[PDB]
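**Student:** Whatever this is, show me its structure:
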Amino acid sequence: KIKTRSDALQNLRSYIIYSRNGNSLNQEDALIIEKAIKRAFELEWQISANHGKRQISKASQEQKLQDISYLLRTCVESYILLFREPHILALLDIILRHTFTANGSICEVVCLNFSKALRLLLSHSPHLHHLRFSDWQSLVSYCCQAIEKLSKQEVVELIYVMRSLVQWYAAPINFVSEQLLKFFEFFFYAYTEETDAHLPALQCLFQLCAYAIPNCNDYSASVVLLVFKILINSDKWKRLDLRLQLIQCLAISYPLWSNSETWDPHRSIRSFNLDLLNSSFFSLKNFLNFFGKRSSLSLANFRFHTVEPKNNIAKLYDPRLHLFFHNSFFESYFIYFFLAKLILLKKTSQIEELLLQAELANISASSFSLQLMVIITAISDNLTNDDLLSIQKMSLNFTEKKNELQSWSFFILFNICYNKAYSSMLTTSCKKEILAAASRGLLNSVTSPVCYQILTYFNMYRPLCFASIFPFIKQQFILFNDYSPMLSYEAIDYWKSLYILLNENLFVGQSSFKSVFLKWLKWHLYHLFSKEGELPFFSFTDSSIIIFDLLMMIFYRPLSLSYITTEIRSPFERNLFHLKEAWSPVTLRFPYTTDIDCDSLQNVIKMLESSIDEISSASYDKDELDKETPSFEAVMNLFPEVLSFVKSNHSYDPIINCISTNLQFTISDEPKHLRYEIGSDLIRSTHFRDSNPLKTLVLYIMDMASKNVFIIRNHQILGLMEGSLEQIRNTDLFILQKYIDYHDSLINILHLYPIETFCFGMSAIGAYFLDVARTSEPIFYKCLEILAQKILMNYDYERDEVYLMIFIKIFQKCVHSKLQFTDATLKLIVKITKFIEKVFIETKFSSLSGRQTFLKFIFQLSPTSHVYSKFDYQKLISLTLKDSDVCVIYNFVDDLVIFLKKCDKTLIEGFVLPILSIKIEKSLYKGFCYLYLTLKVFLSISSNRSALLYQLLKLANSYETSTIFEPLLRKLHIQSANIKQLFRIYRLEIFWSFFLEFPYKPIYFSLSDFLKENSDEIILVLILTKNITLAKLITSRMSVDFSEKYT
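**Tutor:** Numbering: from 1, shown residues only. Find the structure here:
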């Protein structure tokens, strides 16, 4: 009743509190009370139905609804505390029944708790994913109603969690493409002024539109037109913090926009985009997002291309990108550049003649100019004249070392060195002129970094000019100011050593100059950081052990130098929150193709290490000393280890020093990556064998004792930023602790790490999962079984995407010879496989980002190799072929290659039957283009070759084939042989099962060779030696002499 509702709210709060305090009342009793509460909510629905006929206190009815909502808040606290499968299902179904569309209005007083608990409680997947896909559709309908109800103020608070759950551990919303479009339209209808869901819902929309872009690009075009409206919408408003996500979404369109550049999404869209780019600069008036000049681009390097737009299409190479992973400051400022790049992206390919001079060309515009010389230059195809005109302004800027010069130097030198073409001999000394600015840096450490880093080498790096600097390369260094860490590390010395190693090219005293440089390396502002500004080659960086081992390679000895196995071991770690935002979508994109001296140095180093000043520098120099000790053993230092132990004892407070120590352990692994001290030895990790064994590891014993200190799922994101990387390194250290100790102890340790906590390190934990404490099979088998028993101890945790995916990935670590064990491993493997070939995946309800990995594991499941999948892997493959996903589409593209040398005759025929399908829709979505790719692979597959030819005949409607031209020779390097499609079997024998039988539209675009070939073959076509029927009625179409045919 009306008053009974408030009485129930008070009684529920009091009873829940009293039961929780006493703990005598059973959680089963609490679940029964929750069932009674759901019954009371159903009674509330019945009372509303009764009030429909005759009015009984309608305002008091809403008041009773609010009171029952308070009672439901108490009961929801109880349910979040304790959840039973029938009870959780009852609560969820009551929540679902709460939404009444028939009424046309809802109090929504209890609406706050629902989605918040859904995202917060019962996360482990039996309870959560117990709500099936139909429940997700119902949630979509509820969100659609909320869109009309919100701004229902609490509908926004619920929609926050709704957007959090929209792209889930498995989200089939994009699978519901009509529902996907409807929900996208609903989301676009409320361009929210302020919403925590705005960024996550827009990100889910961006991922879905990215999926829609290659396959069914028509829905992608509808979404893109909506985004075109949203672009001017963003051009209207101004709020920088939300503008971060707004620009993120605009950039999500931006790869698709660059796609649409070739064939205009709108021919006039460029001018509108230019206006919106002016609005983008206006929004970027926030000086926080600023110029890329001195972005400080930590860890930039040459010989590996850049990823600023993060699209492989550019082929632009190695721009020194702001690290943005420092703990990632510049990315949002880099966001400003994208806005600039956006206007730079804007042809209004059309601005160059005017964009040459008019622009103020500020540093904020200068970074955009660098982006121009990369990408707009890629899209430019500028002739010699345009480059001749453009280079003049940058050259003049370089002439005067004014404020215009410094921000220019990097981009200008990059444009000079890297371009569409090369240059003439006239600019020869001009490189030294370029070198002058770098010479300027060689003493001026501040502006130095790029100059001393890039284009200080390129003349050496590209042997495209006269060796005039053969005397002049050391000339700037001749200032006795060569020793400079001001730039990207080790570049100058290493490149110079290589260059002078040409042919008597080092026949000069410059080896002594290198010796002086190394001596400076020994004491370069000894025991402390020299400078405070921008920290290049900093102690702040992890290490460059290659420099430590370098000197011998720098030394010229007869065939003695050089090594292998650099082993970065996740050094860049570009992953970052606020960088991980676009990264997981940016992880995958598969658009359809279109358009004794060293002994002396070490001896002095001992005395140098006898004194130290700084602590972070202590870590850096400890790494240097340990690497030299590995380097010395290569030439052949427990004292450096003792010094590092002292430095560690100094950092007694935090564990991030132990994180630096884990970096040093990764350094040992990189020394271990080197075969041994002598090198080129069959022994692996022998170079770090002393580091690992207690001998020469007395200080490492102390570090291991430090490691012995006790101190949704943690693998939250498939595309995971750092910290999850920190979790991976932490698990590595966990392994390292027991490794130094010399499992049941490892079992108790992984028990100390919570299942949710230990869920983070997929590859890291999987490595130990493959590892066995002893060679005895039973112990490792029992440990793996205990791991499965812990994952399924809460069957929901096993049901969770994180734990099951961890098991799936660890299976690949278990994918090996495994000769010793032959007992029950397959049984537990199948017990896992029941939901490893996920029951969701079996129902095609698996993860989208997880879908490609699932196919990769299914291929990694190799029935043909040794042991077949007892359950038909062919059946799963056929279901997946019926199944549809863009990641699964690229997986299907790869599966044709995977089929080769892996098709057992029965399995081959089973796949061939699925390989046979005449599909119309997937061609525009390129799914049937993937089928045509499989058909070309079948042309590469002699097995069922006649079937391959039949599938060639039936596979192509020729829709998009003419423009494709064997994917412009990508599918077939020489199409013309099969462009005139008369295959060996096809040309020699008329294609047949053994009204025109040949489909002209599937055959070719024009009459071309098709009609004449058919006319020529008509004689064999009529009598096709499989039946006498083909002769009949052939003469009616032939309109030729019958007597001649009979002859």
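**Student:** CA only for contacts and neighbour counts going forward, please
**Tutor:** Fine.
**Student:** part of a helix, is residue 204?
**Tutor:** Yes. Residue 204 sits within a helix when classified using DSSP: H, G, I helix; E, B strand; the rest coil.
**Student:** Give me the neighbour count for it.
**Tutor:** 22 (other Cα atoms under 10 Å).
**Student:** cool, the one 4 residues further on as well?
**Tutor:** Applying other Cα under 10 Å, we find 22 residues neighbouring residue 208.
**Student:** which ones are touching it?
**Tutor:** residue 174 (Cα atoms under 8 Å, 6 or more residues apart in numbering).
**Student:** From residue 115, how far out is it?
**Tutor:** 22 Å (Cα to Cα, to the nearest Å).
**Student:** now do residue 511
**Tutor:** For residue 511, the distance to residue 115 - Cα to Cα - is 70 Å.
**Student:** of those two, who's got more company?
**Tutor:** residue 115 (22 against 16).
**Student:** If you count contacts, what does whatever helix or strand the more buried one lives in end up packed against?
**Tutor:** Of the helices and strands defined by DSSP states H and E, residue 115 is found in helix 111-120. Under the contact criterion of 3 or more Cα pairs under 8 Å, 6 or more residues apart in numbering; DSSP states H and E, helix 111-120 touches helix 58-81, helix 154-166.
**Student:** now these as CSV including distance to residue 174 and mean neighbour count?
**Tutor:** Output for the helices and strands packed on helix 111-120, formatted as CSV (distance: least, Cα to Cα, whole Å; neighbours: other Cα atoms under 10 Å):
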stretch, distance to residue 174, mean neighbour count
helix 58-81, 30, 20
helix 154-166, 10, 22
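**Student:** So which of these is nearest residue 221?
**Tutor:** Nearest of those to residue 221, taken as Cα to Cα: helix 154-166 at 21.8 Å.
**Student:** can you list the residues that contact that closest one?
**Tutor:** Counting by Cα under 8 Å, 6+ apart, 108, 111-116, 118-119, 143, 146-147, 149-150, 173, 195-198, 200-201, 204 sit against helix 154-166.
**Student:** relative orientation of the following helix or strand past that helix and helix 154-166 in degrees?
**Tutor:** Per DSSP H and E, the first helix or strand lying C-terminal to helix 154-166 is helix 177-189. For helix 177-189 and helix 154-166, the angle between their directions (axes from the mean of the first three to the mean of the last three Cα atoms, to 10 degrees) works out to 140 degrees.
**Student:** buried set for helix 177-189?
**Tutor:** 180, 181, 183, 184, 185, 186, 187, 188 (16 or more other Cα atoms under 10 Å).
**Student:** mind listing the helices for the stretch 551-700 of the chain?
**Tutor:** 580-587, 597-609, 616-635, 638-650, 656-673, 698-707 (DSSP state H, counting those that start in this stretch).
**Student:** Which other helices and strands does the second one contact?
**Tutor:** The one in question is helix 597-609. Partner elements for helix 597-609 (3+ Cα pairs under 8 Å, 6+ apart): helix 510-522, helix 616-635, helix 638-650.
**Student:** winner for burial among these?
**Tutor:** Neighbour counts (mean count of other Cα atoms under 10 Å) averaged over each of the helices and strands packed on helix 597-609 peak at helix 616-635, with a mean of 22.
**Student:** Can you pull the phi/psi pair for residue 794?
**Tutor:** phi -90, psi 110 (degrees, to the nearest 10).
**Student:** Turn the helices and strands packed on helix 111-120 into TSV, columns for distance to residue 753.
**Tutor:** As requested, the helices and strands packed on helix 111-120 are exported to TSV (distance: least, Cα to Cα, whole Å):
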stretch	distance to residue 753
helix 58-81	22
helix 154-166	26
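**Student:** Mind checking these for the one nearest to residue 927?
**Tutor:** It's helix 154-166; of those, that one is closest to residue 927 (Cα to Cα) at 25.5 Å.
**Student:** Using PDB, list the CA coordinates for the closest one.
**Tutor:** Only the C-alpha atoms of helix 154-166 are listed here, as PDB (Å, rounded to 0.1, in the frame of the first residue of the first chain):
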ATOM      1  CA  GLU A 154      18.600   9.500 -13.100                       C
ATOM      2  CA  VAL A 155      18.400   8.000 -16.600                       C
ATOM      3  CA  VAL A 156      21.700   9.700 -17.400                       C
ATOM      4  CA  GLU A 157      23.400   8.300 -14.300                       C
ATOM      5  CA  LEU A 158      22.200   4.800 -15.300                       C
ATOM      6  CA  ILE A 159      23.200   5.500 -19.000                       C
ATOM      7  CA  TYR A 160      26.700   6.100 -17.800                       C
ATOM      8  CA  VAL A 161      27.000   2.400 -16.800                       C
ATOM      9  CA  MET A 162      24.900   1.600 -19.800                       C
ATOM     10  CA  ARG A 163      27.600   3.100 -22.000                       C
ATOM     11  CA  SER A 164      30.200   1.300 -19.900                       C
ATOM     12  CA  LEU A 165      28.400  -2.000 -20.700                       C
ATOM     13  CA  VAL A 166      27.600  -1.300 -24.300                       C
END
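**Student:** orientation of it relative to helix 111-120 in degrees?
**Tutor:** 10 degrees.
**Student:** Just to check, residue 808 is in contact with residue 855?
**Tutor:** No. Here residue 808 does not reach residue 855: they are 11.4 Å apart, not a contact under Cα atoms under 8 Å.
**Student:** hmm, back to that, in ChimeraX, how would I select the buried members of the contacts of helix 154-166?
**Tutor:** Only the buried entries of these go into this ChimeraX selection, using 16+ other Cα under 10 Å:
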select :108,111,112,113,114,115,116,118,119,143,146,147,149,150,173,196,197,198,200,201,204
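**Student:** burial count for residue 281?
**Tutor:** Going by other Cα under 10 Å, the residues that sit close to residue 281 add up to 19.
**Student:** now residue 354
**Tutor:** 9.
**Student:** got the contact list for it?
**Tutor:** Residue 354 neighbours (Cα under 8 Å, 6+ apart): none.
**Student:** ok, it to residue 158 distance?
**Tutor:** For residue 354 relative to residue 158 (Cα to Cα), the value is 51 Å.
**Student:** Enumerate the positions of the longest helix anywhere in the chain that are buried.
**Tutor:** In the chain, assigned by DSSP state H, the helix with the most residues is helix 27-53. Across helix 27-53, burial judged by 16+ other Cα under 10 Å covers 27, 30, 31, 33, 34, 35, 37, 38, 41, 44, 45, 48.
**Student:** same thing with stretch 913-924?
**Tutor:** 915, 916, 922, 923, 924.
**Student:** I'd like the distance from the residue lying closest to the fourth one once chain neighbours are set aside to residue 460, if you could.
**Tutor:** Nearest residue to residue 923, sequence neighbours excluded (Cα to Cα, 6 or more residues apart in numbering): residue 929, at 5.3 Å. Between residue 929 and residue 460 the distance, using Cα to Cα, works out to 46 Å.
**Student:** just residue 1039 next, same as before
**Tutor:** In terms of Cα to Cα, residue 1039 sits 75 Å off from residue 460.
**Student:** How about residue 315?
**Tutor:** Taking Cα to Cα, one finds residue 315 at 22 Å from residue 460.
**Student:** Residues contacting stretch 52-66, please?
**Tutor:** 1, 2, 3, 4, 5, 6, 44, 48, 51, 107, 109, 110.
**Student:** before we move on, what about stretch 1011-1021?
**Tutor:** 990, 1030, 1031, 1038, 1045.
**Student:** Would you check that residue 666 makes contact with residue 569?
**Tutor:** Yes. With contact defined as Cα under 8 Å, residue 666 counts as touching residue 569 (6.6 Å).
**Student:** Look at those two and report which has more neighbours.
**Tutor:** residue 666 (21 against 12).
**Student:** For the more buried one, give me its contacts.
**Tutor:** Contacts of residue 666 by Cα under 8 Å, 6+ apart are residue 569.
**Student:** now do residue 215
**Tutor:** Residue 215 sits in contact with 886, 922, 924, 925, 926, 927, where contact means Cα under 8 Å, 6+ apart.
**Student:** and those as TSV, adding secondary structure?
**Tutor:** Output for the contacts of residue 215, formatted as TSV (three-state DSSP):
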residue	secondary structure
886	helix
922	coil
924	coil
925	coil
926	coil
927	helix
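**Student:** And the residues you listed, which is closest to residue 224?
**Tutor:** Nearest member of these to residue 224, counting by Cα to Cα, is residue 925, at 16.4 Å.
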